[PDB]
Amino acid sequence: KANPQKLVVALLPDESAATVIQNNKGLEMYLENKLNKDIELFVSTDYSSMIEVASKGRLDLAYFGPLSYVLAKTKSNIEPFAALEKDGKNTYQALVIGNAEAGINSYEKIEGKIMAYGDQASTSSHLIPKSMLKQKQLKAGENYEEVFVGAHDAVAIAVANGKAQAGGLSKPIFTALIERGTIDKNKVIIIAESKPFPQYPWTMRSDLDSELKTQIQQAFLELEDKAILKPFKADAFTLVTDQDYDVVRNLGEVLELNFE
């Protein structure tokens, strides 16, 4: 188990499994050649399931969301090591979006309506947009109805089709969904955008052989291939450590969220 021949690699189900797998094929092939190991991918049904599988010691690498990383780290022997870098920044934002047909173009128009969030353990499709709504005196179950639709693509689709009047999701995913034709830009209005949060961490099992750990980190750092990272509109990977996610811990405290 310190130097396995094949690596079990989990990817966050932030969108449909097909989409996540397809976007990662380039990276998988690169890493298999760089490391001379076979990679075997796993995409869970939901974020909590991925956390559980990490906590049980089944994974060698895992591409977590920021919040789901913080949660896993409480009960898993894992460490973050890399994150996507774009135009020199290693952060991303959440959006609050509204249904255009219903004229949902401000926070005031959310009141008394349906707000879609993704997975309960989502940073950019739950915690962050919820915080943004709270700062605008909107409170779930008091002056709006919340629905958890389980993923970012599910949020965008729900808002675009008017099943939900507003929603919160990843800015990069929203962009990708528009660029790929999945979402019609004319059917949604951007209401607000969040402050920058740290990018998703790539993580590894901490009891992998120290030489292998370095090889893995170095492999990510060495990647110079805009084509491989094109699905993520990214330049390169940079380094990250556990402390970079303290901002997410702090937000989780602010909102008094109970994952236990």
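Numbering starts at 1 and runs along the sequence shown.
Practice item. Could you check which stretch, 173-181 or 90-98, carries the larger mean CA temperature factor in the entry? Key: On average, C-alpha B-factors are higher across 173-181.
Point to revise | Residue stretch of maximal mean CA temperature factor, 208-216 vs 28-36 | key: Taking the mean C-alpha B-factor of 208-216 and of 28-36, the larger value falls to 28-36.
Practice item. From the list 136, 126, 152, 73, select the residue with the highest C-alpha B factor recorded in the entry. Key: Answer, based on the entry's C-alpha B-factors: 136.
Check your understanding: Going by what the PDB entry lists, where does residue 107 fall on CA B-factor within its chain: lowest, middle or highest third?
Key -> Middle third of the chain for residue 107's C-alpha B-factor.
Practice item. Select lowest, middle or highest to describe the third in which the CA B-factor of residue 148 falls within its chain in this entry. Key: Ranked within chain, residue 148 CA B lands in the middle tercile.
**Study point:** Lowest, middle or highest third - CA B-factor, residue 60
**Key:** Its C-alpha B-factor, which the entry lists for residue 60, ranks in the middle third among residues of this chain.
Point to revise | B-factor third for the C-alpha atom of residue 84 within its chain | key: Lowest third of the chain for residue 84's C-alpha B-factor.
Check your understanding: When the modelled residues of the chain are sorted by Cα temperature factor, does residue 243 land in the lowest, middle or highest third?
Key -> Its C-alpha B-factor, which the entry lists for residue 243, ranks in the lowest third among residues of this chain.
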